[PDB]
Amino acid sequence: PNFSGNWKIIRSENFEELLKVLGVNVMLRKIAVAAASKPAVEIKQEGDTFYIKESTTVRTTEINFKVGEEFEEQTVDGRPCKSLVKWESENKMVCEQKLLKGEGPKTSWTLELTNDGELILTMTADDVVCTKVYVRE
């Protein structure tokens, strides 16, 4: 399993609802959902080390981490968390996040590489689940 690639989105489910429970206000939400129409996701994996960049017309976000080692990452709405990724299986990693300040929805994300070359991202905020599917460009 090598998650490396330039990935383009082919389906998305429930992203706007995710942002709502994350408390993003309606104005900022409409801006976000519209932009998320044509993102680019770039991943590079070397062993257990990862870099992930996701870009829309309004914003680019970049993160790097190593599976199994704590790191810091913001929630999708910009709140700081301590995160830790583990392999759930050979083709699926799961990130658990703990907010550093205040209280808020419990957040997580997972990334899975299917045998037919799709990348599936799931993002959770409390009970809301968002799913995005990408293929290589």
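Numbering starts at 1 and follows the sequence shown.
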* Between 26-34 and 79-87, point out the one with the higher average CA B-factor as the PDB entry records it. => 26-34
* Structure fact -> Comparing 57-65 with 36-44, the higher average Cα temperature factor in the PDB entry belongs to 36-44
* Among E73, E96, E103, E112, where is the Cα temperature factor highest, going by the PDB entry? -> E103
* Top residue by Cα temperature factor, when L19, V128, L119, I10 are compared in the entry -> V128
